[PDB]
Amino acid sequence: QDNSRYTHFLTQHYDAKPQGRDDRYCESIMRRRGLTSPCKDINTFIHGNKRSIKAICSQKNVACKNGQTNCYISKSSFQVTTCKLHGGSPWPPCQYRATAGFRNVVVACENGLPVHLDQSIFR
């Protein structure tokens, strides 16, 4: 009955309607979601309907970058925003450079729910 993994996924990779998609947006959402202590080197947010993200789990199964076999790639593209830390210091303030895009996403699923985003793809 524990769904903290799915909720942890949303908390770290989901933002239905971003208020922007620039550096200002990244520096704001990163702090709001708790990814600023220490500064997370890179993180990607997915925008759109939450039901569309869950639907990826019932699509084409593919191998994860780490070796695991429970990854799935989206059929269609999603609007995403990737925030890459500027410099290298893990100590805040954390400055971010944003890159917005429209592409397919690969997520690891568990019992039909996305639990991890295969980040390696947005580096």
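In this text, residue numbers run from 1 along the sequence as written.
Higher mean CA temperature factor, per the PDB entry, when comparing 23-31 with 53-61: 53-61. Taking only CA atoms, the mean B-factor in the PDB entry is higher for 85-93 than for the other of 35-43 and 85-93.
Annotation for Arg103: CA B-factor lies in the highest third of the chain's modelled residues.
Sort the chain's modelled residues by C-alpha temperature factor and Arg123 lands in the highest third, per the entry.
Per the deposited record, the Cα B-factor of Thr69 falls in the middle third when ranked against the other modelled residues of its chain.
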